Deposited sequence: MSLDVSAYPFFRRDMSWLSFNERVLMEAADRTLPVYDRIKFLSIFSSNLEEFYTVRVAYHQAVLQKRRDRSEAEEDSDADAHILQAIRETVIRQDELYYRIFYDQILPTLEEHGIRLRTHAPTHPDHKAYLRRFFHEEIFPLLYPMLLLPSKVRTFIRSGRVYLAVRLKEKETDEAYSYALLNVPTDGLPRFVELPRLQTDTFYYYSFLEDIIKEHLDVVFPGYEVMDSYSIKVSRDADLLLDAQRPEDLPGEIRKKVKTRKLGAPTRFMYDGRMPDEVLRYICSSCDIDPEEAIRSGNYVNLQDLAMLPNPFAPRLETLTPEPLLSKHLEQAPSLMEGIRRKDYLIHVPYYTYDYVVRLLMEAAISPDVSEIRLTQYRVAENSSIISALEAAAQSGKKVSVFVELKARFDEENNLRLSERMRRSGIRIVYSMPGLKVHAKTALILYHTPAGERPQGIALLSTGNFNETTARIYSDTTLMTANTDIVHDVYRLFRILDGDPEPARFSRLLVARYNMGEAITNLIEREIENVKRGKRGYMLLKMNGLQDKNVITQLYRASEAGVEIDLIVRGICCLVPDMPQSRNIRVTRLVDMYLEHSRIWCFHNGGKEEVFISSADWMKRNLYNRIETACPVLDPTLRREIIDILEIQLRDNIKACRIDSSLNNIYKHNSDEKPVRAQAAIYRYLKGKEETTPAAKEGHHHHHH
């Protein structure tokens, strides 16, 4: 009906604004902020190469103008933070990231040597004669466009392109130091190059150079560029001089600040070891699990919930290793985003397959995405099955099966999760993992993998929710039940946390639930297309929580009068999630476990330090409140969980 919806990209840009804000948070240790600057840059790179590109491919066959307008604004904010706060704060703590060329003799002597012995051999000085010689400018790299005037006083300017060899040198170059010195010194690689251009072009007067960067859909030449970003001091004559070979309208050209590709800030060294950066605490264990005779025995006796970064990642692989050398185990089956890197998990699985046990890995990746690693695994006896086009398996489940009679119920352990088991990222992910021996779940997971492995099985699950099967109905039923309850004069409440909410249908149901008097708390960090503070969303509160850990859990709580039901999911509610992929959602059956999740989510909804509420103009508004005691959810959750573990 007549329902409002944010555009998804505007909503996305709102998210990256909040990332930029972490950088502006002066209460945070500098390197925390620097990390977020880098993240912001890498996110906007991804957005450009898939999302802006998409809209550019459509406009061949306003959104684009809106993006550009917003990005130009965010860019200005970025440089204000960088020059007015970051660089100054670094100096307050003895770090000098030089933005101009050193005057100090020793530093000069050093860099001149460095340029000569280390940089220069990695250069490729390219004169640009546009119609005469063709040249490529690779994406994700930084290049210097140099303007040259020769011997003759003639106005005619020459132009040259050179590389900043960050494929062979660091972006940031440390300058030698004495303990008596006030600072540690750093220089941009491209700055050093700028300061020595005269040796590269001896027969010219080097007029100026400007940093450029191009993002493109892929690095290729056409057979007979989503972004072209450059230092704003650059005259258009030289722009149209590289456009003289690129056919690039002033639409993709965005003039920006003096340093580009600043996602490399993630590479800026902190010479004060653990200082200048929030120390992440030591990951907790479960005492209960630890004091069982073996891990598999523990899960056989009780369900466990593991909340990671707070708890270790170690339980998945430890369990896998137990299972490897156990006589009782017939098979192990799990999902994996890719098989490309070596991992503990792969190793535990290889051991198991070599121990004769049936080992299957269902991998959600593509046609044209490793080869040696897969063959090593197959040789070990592991089986690897891919999602052939249509449904890609986004589900995050593992399965350990015991030897059982014949027509008996499968017995074993199911592991279900909001993210991947393999920790392989520099950013730390907050995620939630259920470990259960429950015979209904274990059977459902059992059945799921047979279905994914193409075997005949009835499309029917006891407790599990699978996408393109029972999940759509279940989500509708659950929401509807809250609507009904309000009409019976009972409380109607929902607590919903995910990375993204974008699906028009589910959003419309939510609006109808609000209209019906159902109260809704949404905790959504990324894209949200539901628009808050509206008549149709009058009973909805929208919280975006962004902090050091990536809030990646997907969790659903339906009040149901007071017989609360909690689900853990692999899916956000996008269009592609509820229809294209195979996903999972799982009921948390154990009451104390369900209670914990709600406790945690309540901690999140109580956050007054990082949490932001969204308004109808897509603004990130901090939920700060001096009157109440300060609570930041990522600190508090750790204290809560550590608390309970001392109560063993």
_Give me the ranges of the deposited sequence that have no CA atoms here, in sequence order._
1-5, 67-81, 245-265, 411-414, 694-705
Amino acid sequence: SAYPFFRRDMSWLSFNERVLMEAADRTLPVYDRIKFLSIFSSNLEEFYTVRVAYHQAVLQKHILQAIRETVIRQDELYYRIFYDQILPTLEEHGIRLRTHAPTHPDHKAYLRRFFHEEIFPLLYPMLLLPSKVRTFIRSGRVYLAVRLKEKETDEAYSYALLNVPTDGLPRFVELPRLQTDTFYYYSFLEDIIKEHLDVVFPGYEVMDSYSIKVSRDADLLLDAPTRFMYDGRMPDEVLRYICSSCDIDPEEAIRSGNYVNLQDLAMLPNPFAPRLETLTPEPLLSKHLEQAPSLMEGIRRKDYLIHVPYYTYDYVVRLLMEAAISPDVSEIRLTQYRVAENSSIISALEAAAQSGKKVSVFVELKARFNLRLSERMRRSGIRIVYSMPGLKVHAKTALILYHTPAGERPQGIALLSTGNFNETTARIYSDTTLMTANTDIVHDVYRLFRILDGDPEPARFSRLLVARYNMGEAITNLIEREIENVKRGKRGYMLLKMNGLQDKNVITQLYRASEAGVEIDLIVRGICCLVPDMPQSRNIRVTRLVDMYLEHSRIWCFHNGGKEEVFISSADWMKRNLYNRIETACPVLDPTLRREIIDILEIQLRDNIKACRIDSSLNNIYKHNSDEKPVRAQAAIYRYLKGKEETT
From here on, numbers count along this sequence of modelled residues.
*asked:* Going by the mean C-alpha B-factor recorded in the entry, which is higher: 261-269 or 421-429?
replied: 421-429
*Between 231-239 and 314-322, which has the higher average C-alpha B-factor in the PDB entry?*
231-239
*Taking the Cα B-factors listed in the entry, which of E551, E195, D453, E297 comes out highest?*
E297
_Between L122, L522, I527, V393, which one tops the list for Cα B-factor in this entry?_
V393
*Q85 by Cα B-factor - lowest, middle or highest third of the modelled chain*: middle
*asked:* Ranking the modelled residues of this chain by C-alpha B-factor as given in the entry, is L501 in the lowest, middle or highest third?
replied: lowest
*asked:* How does the C-alpha B factor of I34 compare with the rest of the chain: lowest, middle or highest third?
replied: lowest
*Sort the modelled residues of this chain by their C-alpha B factor and say whether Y386 lands in the lowest, middle or highest third.*
highest
*Please place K61 in the lowest, middle or highest third of its chain by C-alpha B factor as given in the entry.*
highest
